[PDB]
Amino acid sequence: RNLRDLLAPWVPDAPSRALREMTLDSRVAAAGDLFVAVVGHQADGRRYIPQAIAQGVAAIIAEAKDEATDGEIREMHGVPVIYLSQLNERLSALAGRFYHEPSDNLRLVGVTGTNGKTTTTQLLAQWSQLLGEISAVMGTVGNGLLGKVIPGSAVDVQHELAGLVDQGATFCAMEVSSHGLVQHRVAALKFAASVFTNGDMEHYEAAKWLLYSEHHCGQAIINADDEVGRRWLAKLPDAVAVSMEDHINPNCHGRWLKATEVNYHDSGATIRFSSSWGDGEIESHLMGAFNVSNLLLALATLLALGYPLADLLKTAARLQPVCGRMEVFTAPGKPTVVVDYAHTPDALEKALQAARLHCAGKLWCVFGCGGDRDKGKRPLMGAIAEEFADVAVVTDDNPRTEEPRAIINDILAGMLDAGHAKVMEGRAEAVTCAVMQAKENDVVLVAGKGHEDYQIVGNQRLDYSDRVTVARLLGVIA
């Protein structure tokens, strides 16, 4: 790593200097480092140039605005200070070059949208790995090779991607936030593919189209069941349209993939689909319509990238849910049980609507609300459980120091017929109540904890898992 080589595309004059690491933070800037002084969120990094110099950085790249011309080379205390205009916009490119262009050295798929980002990225990583890639994720649960996810400027993104390259990753699925995009945090990444899940409108779209036009998006895979998705597809004839609700318009002669029939059953969904790559049937072990959509998006993406349909089909049954996200537990001749982390009215409603599709009998909802937290959601979650489940079982969920029954009372207050709800304190006992009472064709949703393996009672983290409790009741292994 040399300053001269680093800057060669933009500043031919730049002096030769060996460089250690690249950092935006003068505090951690050590001997031999490249310190990058940027102007942004209520801070001017150029203020910290003396400090960085005192810590013995090898070189400095600084925002030129109001201080210098683009590519102007200065020297302070024998340390080169090189100025660049629009440094925030170019930081991704600068870091990309510094870290030897990690997105040019693995297959990077970006997923954007409100919902389904985590699941879609996870599916892309899992499926590609089943097909022989060494896959990784970068997203909300964290970063890492599949099974080793560790819980962010344009520099950090490039650095992390390089770390994954260094660990042998050949494929990375990355959740990309709207905020991330606008702040140029992925500006120089070479995306192999870009997936979209789901007056003023004109400016918003204009800003988004503009930003899109400046990125290397690769193959575009778009959910045509989303209204915004359809508008983007109208202007992108090379994009792949994905639908489970009749929104493929085949007059395009473009590329598409559509679920033709879905059977939502007690252990997943049987998805029949047609596509421009051919037709098939997938046995998904994921629950709900949204997860059909997410799965279809991942399938379309991998098809577009040239993974063979037959091999994708052969591996689809091995795709697993994100731990504690509509995670199904079944045992021969027992109720279906779904563990989901839903802990807000909106998420509970969604989880119940999803569960309902797979439920031939009665839908049970076992849930509670956290103590010593905002109380407002309690009656709303009560109303949702009452409306969208057949049996509401109200129990505890991290009561902390608050009187557990008081929390349950706030929940019941939100119901039209609180008397119809089953109340059982002791979360484990409430789960058991539902699981043991529910019939064979019933579905029990256990909401609020998902993957979490503790119950906070007082100030103690007691070892408790919904997943373990449910598994043991069904005679299976979590």
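The term rigid core refers to the maximal set of C-alpha atoms that superpose within 1.5 Å between the two forms. Quick note: we count residues from 1 along the sequence shown, nothing fancier.
Participant: Stretch 3 to 11 versus stretch 468 to 476: after rigid core alignment, which one is farther off in C-alpha RMS in 7 other deposited structures of this protein?
Facilitator: More C-alpha displacement in 7 other deposited structures of this protein shows up in 468 to 476.
Participant: For a rigid core alignment of each structure in 7 other deposited structures of this protein onto the shown form, which stretch has the higher root mean square Cα deviation: 376 to 384 or 262 to 270?
Facilitator: Per-stretch check in 7 other deposited structures of this protein: the more divergent one is 376 to 384.
Participant: How many residues sit between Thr112 and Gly113 in the deposited sequence but have no coordinates: none, 1 to 3, 4 to 9, or 10 or more?
Facilitator: Nothing is missing.
Participant: For the stretch from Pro151 to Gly152, please bin the deposited residues that the model skips: none, 1 to 3, 4 to 9, or 10 or more.
Facilitator: Some 4 to 9 residues are missing between them.
Participant: What stretch has the higher average Cα B-factor here, 306 to 314 or 229 to 237?
Facilitator: The stretch with the larger mean CA B-factor is 229 to 237.
Participant: Look over 119 to 127 and 326 to 334 in the entry and identify the one with the greater average Cα temperature factor.
Facilitator: Per the PDB entry, the higher value belongs to 326 to 334.
Participant: Which one, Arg373, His100, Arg272, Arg255, has the peak C-alpha temperature factor per the PDB entry?
Facilitator: That would be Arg373.
Participant: Among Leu319, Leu164, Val79, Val157, where is the Cα temperature factor highest, going by the PDB entry?
Facilitator: Result of the comparison over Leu319, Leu164, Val79, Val157: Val79.
Participant: Among the chain's modelled residues, which third holds the C-alpha B-factor of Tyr204?
Facilitator: Top third by C-alpha B-factor.
Participant: Sort the modelled residues of this chain by their C-alpha B factor and say whether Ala447 lands in the lowest, middle or highest third.
Facilitator: Its C-alpha B-factor belongs to the lowest third of this chain's values.
Participant: Of the three thirds of its chain by CA temperature factor, lowest, middle or highest, which one includes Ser178?
Facilitator: Top third by C-alpha B-factor.
Participant: Taking the C-alpha B-factors as the PDB entry records them, is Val476 in the lowest, middle or highest third of its chain?
Facilitator: Highest third.
Participant: Sorting the chain's CA B-factors, does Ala434 end up in the lowest, middle or highest third?
Facilitator: Answer is lowest: the recorded C-alpha B-factor places it there.
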